[PDB]
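Coming up, as structure tokens: structure 1 and structure 2, two forms of one and the same protein chain.
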Structure 1
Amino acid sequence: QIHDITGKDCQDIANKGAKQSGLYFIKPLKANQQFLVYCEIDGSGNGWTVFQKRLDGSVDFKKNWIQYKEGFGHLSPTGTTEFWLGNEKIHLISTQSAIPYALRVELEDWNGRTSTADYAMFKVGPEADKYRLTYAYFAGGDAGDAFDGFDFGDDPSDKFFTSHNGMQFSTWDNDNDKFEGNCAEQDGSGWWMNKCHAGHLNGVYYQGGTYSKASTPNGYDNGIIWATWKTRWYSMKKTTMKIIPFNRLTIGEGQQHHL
């Protein structure tokens, strides 16, 4: 069930010798708190600290501010359960030191195809700044950069309206988006909402992927979307949000060799 190796994060645990993905306790620097996390450890010696997972629609994501702060769902040795680690814990890990983390969003469609999108220098701010999302730049990935916003065509300024960098977190009971209405209440989730969204992984789990305006009384595009990879009417089958020290991603042809 729970492994004995501990560290500041899952990469620290992998560096110590851990070989199996599973449950481990981590103690982020300066927090004086220890908590369980699911580490995804591969053959390359990479250790990903997973903070979000969707795969079967078993966990209700319409939770309030406090629940999104503390975490909900379940952690399993097999990594086959849905959960949200908790905004407070995500903040503690991503800001524990001066070493930057990279966020990898892993997506899987209903046909078994998967894609990724990486963001460098990912951080989640303190509760005082409503767990604001900030990143330096999109680092690559075939899923596309939905966090930069997307032009759905229903407005020239769609891109500026759907960007996520710099947005505070919102829950139905703590609206911090840039919409006159309540993005979180309308979709029924917690997320870094703007004048809503281009990438939204905490949405409603729609079986089969395809859904439409007809699916909900008011016609909201509230599924698990990533506009740069699939249409807004296509909800993902699985999603994973996981972090790793950024230096782990610049280990290959991500460098200039000189002479």
Structure 2
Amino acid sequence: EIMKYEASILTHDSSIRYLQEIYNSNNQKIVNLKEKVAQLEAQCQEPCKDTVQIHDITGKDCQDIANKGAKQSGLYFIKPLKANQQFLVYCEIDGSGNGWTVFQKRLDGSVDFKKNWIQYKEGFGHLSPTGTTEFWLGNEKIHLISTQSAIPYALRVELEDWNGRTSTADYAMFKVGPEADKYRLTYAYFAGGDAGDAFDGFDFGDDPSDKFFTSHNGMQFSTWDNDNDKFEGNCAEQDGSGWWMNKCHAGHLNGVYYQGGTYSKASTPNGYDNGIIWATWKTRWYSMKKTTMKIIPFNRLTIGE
């Protein structure tokens, strides 16, 4: 009769029809959403970009390399005339054409210079591409790069403070004794620089000898745990540090990196000086803010060319 109206509930002939497309679309859709990944992952393949990077040119010391090209004061693998595993140094090239090299540095307080002999030897702390970064290339290293056929090097104590000014203290015929004779330095003379020369002793008045001892020239290296100084024991350890000791010092670049500098009779662990002092510039309480000690082949103090 009219029941043949079921041809009405024959709507699904589209209640399913249309909807169906909303299926055949997705599949086809995903064909597209494939490459929309095939490509994304083809990007997520490389690692993060790193700042620090090793230049290729190498050779004897920073100078040698940076005389075979070079100009960017950064990081190169050197390998002393006589040595083995070419280590990594933080050169500091100039305009004239000379390439210094560093064995120290100080700015933040980070690399804590209160390490041990084996550490002060093979060198410790972390370098950097720029330079900003406390570090101690380490006595050992400092050797093979100062006694390589021994063409007279030099030290260039640089400075600054919590007030502006900086300085410079020079020394010729630079060298550091092989671990044998210990890590005792061996230079000839102070050579200018308003920096001052506290490596030649400084009388603090406490006693005439307040200067015979406090000399750093010729004084072997006294880590906190292995002193070769001239004290009733290990000076270093006393004020804590690893620095060419005597009974004790006058000029500390490996010591207590004090904030705002100038310390007192309070931060004195055992009681005496340890801060970043240097009597031929500042007293025994003013702790320097910055500090660095680079070398370079002697015939450069009046290079001319």
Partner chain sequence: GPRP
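For the two forms, the rigid core is made up of the largest set of C-alpha atoms that agree within 1.5 Å on superposition. Start at 1 and count along the sequence of structure 1; that gives the residue numbers used here.
J.: I want to make sure I have the labels right. Is the form deposited without the partner chain structure 1, or is it structure 2?
T.: Answer 1, the form deposited without the partner chain.
J.: Rigid core as reference, CA moved 2 Å or more between the two structures - which of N218, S58, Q207, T231?
T.: Spelled out, the residue whose C-alpha shifts by 2 Å or more is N218.
J.: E82: how big is its Cα shift between the two structures, in Å, with the core superposed?
T.: Reported C-alpha shift between the two structures: 0.7 Å at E82.
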